[PDB]
Amino acid sequence: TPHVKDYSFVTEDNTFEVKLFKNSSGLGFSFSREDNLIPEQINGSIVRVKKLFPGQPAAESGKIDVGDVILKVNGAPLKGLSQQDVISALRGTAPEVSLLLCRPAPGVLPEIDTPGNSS
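Numbering of residues starts from 1 on every chain and follows the written order of that chain's sequence, so it may differ from the entry's own numbering; residues lacking coordinates are omitted. The side-chain quantities take in all heavy atoms of the structure and omit both hydrogens and water.

Determination of this PDB entry was carried out by solution NMR, according to the record.

Okay, here's the thing in structure tokens:
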């Protein structure tokens, strides 16, 4: 009774890469490095988007949101390293860069309910 395949875009292997142009300026999103969120993976941590502004490339891709997990960047693994290398590598170099990301199905990354009246 293993896992079954449904779609080629929405599955446990949810993965997508897109090349975007970045110039000397500020990004439209802010990434963050957290822990104890998705232990289903390996014994470490990954980088996930923390904010996005619709209309920007990171949103022009087609199906992007606040949570996309960045895997690589033009063939430059970041795993093992600490947020330090994450913010540094974020700088990049050339404009045209290939960024690897992953968009898992709804139910894997449940947002936490911060103090409030109801919501």
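Here the narrative resumes.
Asks: Would you explain the overall build of the chain in this entry?
Replies: Numbering of helices and strands runs from the N terminus, with a helix taken as a DSSP run of H or I at least four residues long and a strand as a DSSP run of E at least two residues long. Broken down by element type, the chain carries two helices and five strands. For the chain, the succession of helices and strands along the chain, N to C, is β-β-β-α-β-α-β. Of all intrachain contacts in the chain linking residues separated by at least 6 positions in sequence, the fraction that spans at least 24 positions is 60%. Accessible surface is estimated by sampling points in the Shrake-Rupley manner with a 1.4 Å probe; for residues, cover comes only from the protein chains shown. In the form shown here, the chain has an accessible surface area of approximately 9300 Å², with 55% of it arising from carbon and sulfur atoms. The contact definition used throughout considers only heavy atoms, calling two residues in contact when any of these lie within 4.5 Å.

Asks: Got a minute to help me understand the sheet that holds strand β3 (residues 47-49) in this structure?
Replies: Hydrogen bonds along the backbone pair up the strands of a sheet, which may run parallel or antiparallel. Two strands pair under a simple rule: DSSP has to find at least two bridges between them. The sheet built from five strands is open, its strands ordered β1-β5-β4-β3-β2 with antiparallel pairing. Strand pairing shows two members of the sheet lacking a second neighbour, β1 (16-21) and β2 (31-33), which therefore form its edges. Each neighbouring strand pair of the sheet contributes to a mean axis angle of 40°, computed without reference to strand direction. Strand direction decides the pairing type here: β3 and strand β4 (residues 69-73), joined by two bridges, are antiparallel. Counted as the bridge partner of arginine 48 is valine 69 from β4. To obtain each axis, a line is fitted to C-alpha atoms, and for helices this fit is confined to the stretch in contact; angles are then taken between N-to-C directions over 0 to 180 degrees.

Asks: What is the right way to read a nonpolar patch on the surface from this model?
Replies: Like-charged residues within 9 Å of one another, or nonpolar side chains (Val, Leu, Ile, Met, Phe, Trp, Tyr) within 5 Å, are grouped into patches, provided each residue has over 30% relative accessible area and no salt bridge. One side-chain nitrogen of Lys or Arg within 4 Å of one carboxyl oxygen of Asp or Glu is enough to make a salt bridge. A contiguous nonpolar surface patch, about 370 Å² in accessible area, is contributed by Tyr7, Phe9 and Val10. Relative to the elements of secondary structure, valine 10 occurs in the segment before β1.

Asks: Help me understand the pairing of β4, please; the structure alone is not making it clear to me.
Replies: Moving residue by residue along a regular strand, the side chains alternate between the two faces of the sheet. As paired strands, β4 and strand β5 (residues 96-102) are joined by three bridges and run antiparallel to one another. Each residue of the ladder has a partner; that of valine 73, found in β5, is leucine 99.

Asks: Looking at this structure, I do not really get unusual backbone geometry. What am I missing?
Replies: Leaving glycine out, the prevailing phi sign among residues is negative, and the prevailing peptide bond configuration is trans. In this structure, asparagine 36 takes a positive phi of about 70° despite not being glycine. With respect to the helices and strands, the residue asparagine 36 is situated in the loop between β2 and β3. The rule is simple: take the accessible area with a 1.4 Å probe, protein chains only, and divide by the maximum for that residue type; under 20% is buried, over 50% is exposed, in between is partly exposed. A residue is classified by how much of its surface remains accessible, and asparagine 36, at 72% relative accessible area, is exposed. Of note in this structure, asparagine 74 is not a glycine but carries a positive phi near 80°. Looking at where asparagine 74 falls in the secondary structure, it is placed in the loop between β4 and α2 (83-89). For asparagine 74, a relative accessible area of 48% gives the class partly exposed.

Asks: Any chance you could explain the pairing of β5 here in plain terms?
Replies: Here six bridges tie β1 to β5, and the two strands are oriented antiparallel to one another. If you follow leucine 20 over to β5, its bridge partner there is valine 97.

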